Structure formats: structure tokens, C-alpha cells
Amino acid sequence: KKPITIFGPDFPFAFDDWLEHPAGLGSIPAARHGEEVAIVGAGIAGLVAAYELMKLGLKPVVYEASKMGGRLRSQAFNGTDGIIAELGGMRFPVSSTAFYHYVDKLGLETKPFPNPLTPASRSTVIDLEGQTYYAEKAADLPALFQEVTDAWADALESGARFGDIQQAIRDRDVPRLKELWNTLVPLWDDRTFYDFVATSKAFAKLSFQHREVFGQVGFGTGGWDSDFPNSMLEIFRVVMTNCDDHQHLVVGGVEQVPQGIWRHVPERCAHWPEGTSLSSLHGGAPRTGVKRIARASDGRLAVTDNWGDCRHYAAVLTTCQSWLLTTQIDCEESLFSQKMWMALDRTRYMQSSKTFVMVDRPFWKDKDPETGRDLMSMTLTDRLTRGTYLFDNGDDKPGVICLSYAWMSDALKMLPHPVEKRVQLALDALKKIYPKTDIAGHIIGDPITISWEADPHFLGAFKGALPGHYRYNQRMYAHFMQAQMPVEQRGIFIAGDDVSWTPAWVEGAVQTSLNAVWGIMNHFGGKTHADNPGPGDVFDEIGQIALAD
């Protein structure tokens, strides 16, 4: 059967085909070869754009204020080789075909992520209101859990034509997909996920506790409560494109994706000599953080770095999170329309924390000879840790444990606390769940934590779309299409997962980046090859519907 992929629904362009086609993404007039384009941010969106623009014969100049990779960050533990904690993105749905294009291009290895109740996880434990349930398959759970699942399946089929939309995605039937999706847009933009859940037939006829347990742990594979306030359109996108199943981790860390793109030598670039990579073009490193972007008096865009160094470019791509164009960069107001500012400024970010330790061995696989149970499981709880994940690196390697992965309120619980207290709070919660398991005794190396909200170069883990934000996201996603733009707004571009329709998913950063590549190519008077048309060649036909004032 044809795989589900992140194929629209908003802009069902085949990015994977565009990338794989042997003609390449297009071309730029030879007279513009070697011209510079500024790229703000060295995360996945900045680097994907830089890489493909280099291939088209431009000289991207990437600036990075903090760390290479942005929210793809894999921190090594003390003294180890190949043992990392994924601080940002960690579980990549195989529906992410644009992303996986680069993963494959680098020859990186992936393996199934130990999500609860999957073959990669031996066991799961749910702990709610002081009651603990062990499962090695879904059927092992109390009846309430299958009831929640059935009600969710049914609410999605009844309220979104889930099956029909997924079939259309499988077959890449664009006219059908748009018809279905475009029906849903004005009906669900303005409504929350919780409203979708509460007012569904399947859940309205169940107890409040079914809804509540759905929030805390779902049907035993993951909680939803942090996303309850979001526009249901966001959740539809996630489930319809299977963002929420068949996920892999990148072995050795996903940070190897941005780092590898930086160093990767394409077989063929336009203009550049053999052996050219982004790295070599920069002499090893991106430029420092950007402090200012303004229209210069020669018409170009002036980008000023932290040290006052000012350079001029025909085009500038920004990939930082949207608030940073006010908060961290002095970005001249007339460079975006007031409608674009409102979209960039009203956009909301979700908070997230993760706290990891390393352990001497995957001791959780040991059996409690009294009960038959693993000493420790993938843990979902209403306690402060919320989600605990177990990473097995082989019987003879240390294990890693994400003691707590938390979002929104539960992340904000940890905000002001240092790592020692984070870990202690988590161990004390996990001691309530597993009173007989000595986790502490196995812990080695250093403890690693993060709060994405705290960091001024991110002001959050990822966007979450509120009700009524469809029009904002539509403005942002379409910004790379500039033919109708006032001339004073042209030449600056945006990309990244906040521009995307699917914010907490790396595929959205990749796809928007590729749209910007097309926009920038076009800006330099370039164009796609006639046999491999690109995003902006079809955008007016199959792009996101616009809503009324």
C-alpha cells in the first residue's frame, strides 16, 4: 500500500520528487553566480536552504548566534563516544520524506524510537491518580484505554473524514485532498482540540475521566493535554500525515544532520569547483549572530552582526523563531507589511523541558522474578515527570533515560530550577511509581537538562497554532511568493517550522526552507527546469486557501 507522507494537506507539493528528480532544482543566470545570500540561523531550515542555494551557484552566508543545528541538538555525555541526549527533536516520523532525503544523503543510520506499545519498547507503565498499570501490549491495559482509543478513532472519522483524507494522501490525489481539506479549514480554524474532543459524539457519551485520561496519556501511547488549546487544524495535520507514528531516532544523534549538511560535498554544483561544501565556502564556520537587518541605500539589504560588521546582500533568509525579529534583531519595520508583522508577532510558542541521565547498562530489561515485570518501563504518568523514555544502546553500552519530557504547564513547573533539583524531583516521582527500582544506583556521567522557553535565541520549543491563527500562518507560508509585493518588502524571506503548518515537526522546517529556496532562486532571476517544476510554479494553483476578512 502506498505510504502516508507529509503531503500537504495545505500545500500538497511533492518536495521529495522535486529533490530526487535528476534535473536539480533549477538554475540562476550565470551572471549572478557567486553572489551572496544571507541566511540567518544554522538550524535545519537555514542549512537546507544554504546547501541547495550553493548548488545553484550562489554563495550563501550563514549567520549563527548560538549553536550549530538549532533545535536539532545532540549533547554527548562526559567521557563517552556516541552516547547522546536529544535535547530538541528526537523521533522522526518516516512520513517526513523531505527530511529523510537529507538523512539518506548523509548515509546516517536510524532505528525505531522506543515509543510506548511498539516493538521498540518492551513494556509500558501508566501511573495515574496513584494507580499503576503494566503492559507489554495494548490488550494488557484496563478496558478504559481501548475505549479512549476507539472514541478517538471514531471522533476523527466522524469529524474529519480521516480515512478519505488519508487515502487521498496515499494516492497523492491533489484535487480530492484539497477538496476535503478545504472543507475543514473554515470549520476548525477557530476551534480547539479540546473542543473537538469534548463535542465529539464518541467522547460526549463517555465519562469526564475518559477525556482526562486521553489528555494525560492518550490511549496508552502518549498524552495530548498540552496540545488541547491548539487549533484543531494543527492536530488534524499531525494525525492525517502520521506524524504521530512509525518514528525513528538518528543513531549517534540527529545533530549529525545539520553538521553533515554543513560539511557535505555535492557531486555537482553550478559554478563552484569540486570539493566545495558550505563549510569550505565559509572557511569553516558560519558568521556570528545578527543584530540588525535594514534596507541599504544601494537597494540591497544590510545585515549587521554582533560585532558591528555590516555586509550587503540581494537577499536575506531568516530562519530564527518569529519573535526574534523584534526581540533579538533590529529588523527594519518597512521590510515586512503590517499584516506580516501581525502574523510574526501573534504567533505563540510552546514551552518544553527534558532532563536526561546516563546509566551503566539497560538495567530496565531485567525481570523482577516475583512479578515477571521489567524493572522499569516507558513511563506515562500524571506525576510531574509526565513521560520517561528508555534508550537501549546494546547490552554492552550505557543506556540513556529521558527522566522527564514535559510540555507547557509541566515544563513551566521546572523553569526556574537547576539540573540537580530537576533530576531529584524526577527520581522522587519515579520512586513513587517504582518503589523497588534503584535508578540512582545505575546513574553515571553528568545530568543534562533544557528549557527552550528560557533561551533568548529561541523563545520556546516550537510554535503551537492557536484558534484563529490560520490566516497568520497563511500569510507567513505564502511570504516567499513576492510578485505582488511592494518592492520595499521584496528580497527578505522566512522559513522554519514556525512558518510551516506543522510546527513541532522537522519536516515543516524542511519544506518551508525549500519554498524559500524557490523564492530566492526566482529573486535572482532563476527558474526551475521545465521537467521538475518547483513550489512557486504551482503555488497559486494548489497552495493554501485564503480566508475572508
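Don't overthink the numbering: it's just position in the shown sequence, from 1.
Q: Output the stretch having the higher mean C-alpha B factor in the entry; the candidates are 508 to 516 and 26 to 34.
A: Higher mean C-alpha B-factor: 26 to 34.
Q: Should the higher mean CA B-factor in the entry be assigned to 338 to 346 or to 359 to 367?
A: Mean CA B-factor is higher for 359 to 367.
Q: Could you say which of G260, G464, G299, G79 has its CA atom at the highest B factor, as listed in the PDB entry?
A: Top of the list by C-alpha B-factor: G79.
Q: Checking the entry, which one of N473, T276, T132, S95 has the top C-alpha B factor?
A: Going by the entry's C-alpha B-factors, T276 comes out highest.
Q: What third of the chain does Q484 rank in for C-alpha temperature factor, lowest, middle or highest?
A: Ranked within chain, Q484 CA B lands in the highest tercile.
Q: Quick check on the deposited entry: does the C-alpha B-factor of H312 sit in the lowest, middle or highest third of its chain?
A: For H312, whose C-alpha B-factor we compare with every modelled residue in the chain, the answer is the lowest third.
Q: What third of the chain, by the recorded C-alpha B-factor, contains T388?
A: For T388, whose C-alpha B-factor we compare with every modelled residue in the chain, the answer is the middle third.
Q: Looking at the temperature factor on the CA atom of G534, which third of the chain's modelled residues does it land in?
A: Tercile = middle for this residue's CA B-factor.
Q: Would you mind checking where the Cα B-factor of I494 ranks among the modelled residues of its chain, as the lowest, middle or highest third?
A: As the PDB entry reports it, the C-alpha B-factor of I494 lands in the lowest third of its chain.
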